[PDB]
Amino acid sequence: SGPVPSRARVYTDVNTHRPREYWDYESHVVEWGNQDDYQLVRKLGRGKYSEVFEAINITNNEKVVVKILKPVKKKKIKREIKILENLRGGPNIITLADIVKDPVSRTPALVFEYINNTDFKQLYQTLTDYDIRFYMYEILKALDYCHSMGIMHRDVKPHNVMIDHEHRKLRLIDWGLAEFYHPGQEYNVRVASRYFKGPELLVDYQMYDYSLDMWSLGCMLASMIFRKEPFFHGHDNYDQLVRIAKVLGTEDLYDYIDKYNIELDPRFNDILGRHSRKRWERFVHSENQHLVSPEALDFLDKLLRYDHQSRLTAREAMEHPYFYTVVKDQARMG
Ligand SMILES: O=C1C=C2C[C@]3(O)COc4c(ccc(O)c4O)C3=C2C=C1O
């Protein structure tokens, strides 16, 4: 008599009907390319799981980005490699070009296509209402594609979405947390960045699905249209859900815990307390006004739902009136 089980309401059995070895990444064997083809040019960022460089393929003077892994389980590395290969060539998915063994750390190093990114903390520089619809739609293209391939990204955030604004070119990146969906499976809830974790993770409900990425996406949407990143800013995981409740209200949240019989921490209820649902209008002011419309508001609201099963799918999201114009001028005769 623990929690109520859940299944994705779309793309449920996509993996069930793939041959093994589509999803059996443990089985996967890496074919290594040549390390000496690539020359590290400058460091871009350091993380706990990798170090990231801009590099040059000396064989053709093409720019690339190399992600050198820190020492890590074969399994976690094959998982990321398998997912990048399964998704390769999909819309707005970052293209893995090659896999080499770094000759200094003897660690696998992944080589991706190069994208001239503008950093998101500066991007909002003349970033209009239409830019947000367009890039949001581009992200949805990717999410629909990877979900339909039985894959959850589980780390959607501004930083994992690269944009070359000049060319209106976007890629979804960093698939090191991504996982294959199997109906009934109980996943690890230590995924995603704090600001973008869905209620299901915050309340330790492990049998989640693709739906998680849609919450993280609403978070991104909210921060962009309201000019406040991150939108939900808690000091820890507990407070994170307290931040969501203050906006979405505690009524809807306890309805969610009832429905799935989730059972909350002793006085998790303490810090949650009691909160009115807010009108999305209370986050509108004169410097975000122009990014905001009833369509943006309605769309947003159908993303940030406590109940994962009741959130829009990426496909459904694409069909929203918010994107009508974006769809119109992506219809090209060629
Ligand atoms: O496939 C990719 C591709 C990139 C390119 C790139 O976006 C460049 O710059 C980065 C970064 C990751 C962390 C970081 O701190 C940073 O600066 C990158 C990636 C991660 C991936 O999985």
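All ligand and atom numbering here is 1-based and tracks the order in the structure. Along the sequence shown, residues are numbered consecutively beginning with 1.
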Under 4.0 Å from ligand 1, counting heavy atoms only, is it the side chain of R171, its backbone, both or neither? neither
Does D307 come within less than 4.0 Å of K259, counting only side-chain N to carboxylate O? yes
Yes or no: does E54 have any heavy atom under 4.0 Å from an atom of ligand 1? no
For ligand 1, which atoms have a heavy atom of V65 less than 4.0 angstrom away? 5 (C), 8 (C)
Any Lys/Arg nitrogen of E85 or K82 sitting under 4.0 Å from an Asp/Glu carboxylate oxygen of the other? no
Considering non-hydrogen atoms of the protein only, which is the closest contact for atom 21 (C) of ligand 1, and what is the distance? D174 N, 3.4 Å
Pairing of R277 and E251 as salt bridge, 4.0 angstrom limit: no
Atom 18 (C) of ligand 1 [closest protein heavy-atom partner, distance rounded to 0.1 Å]: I173 CD1, 3.7 Å
Among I115, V52, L44, whose heavy atom sits nearest atom 11 (C) of ligand 1? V52
Atoms of ligand 1 less than 4.0 Å from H159 heavy atoms? 13 (C), 14 (C), 15 (O)
Kindly indicate whether a cation-pi arrangement holds for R227 with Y124, taking the cut-offs as under 6.0 Å to the six-membered ring centre and within 45° of the axis. no
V14 vs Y181, test: side-chain contact (heavy atoms from CB on, under 4.5 Å). Steps then yes/no. CA-CA 8 Å; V14 173; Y181 177 69; over 6 Å; no
Under 4.0 Å from a heavy atom of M162: which atoms of ligand 1 are those, numbered in the order shown and with their elements? 5 (C), 6 (C), 7 (O)
Indicate yes or no: does an N/O atom of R46 lie under 3.5 Å from an N/O atom of ligand 1? no
Just by distance, with hydrogens left out, do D213 and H147 show a side-chain donor and acceptor under 3.5 Å apart? yes
How far does CZ of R133 sit from NE2 of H320, to the nearest 0.5 angstrom? 10.5 Å
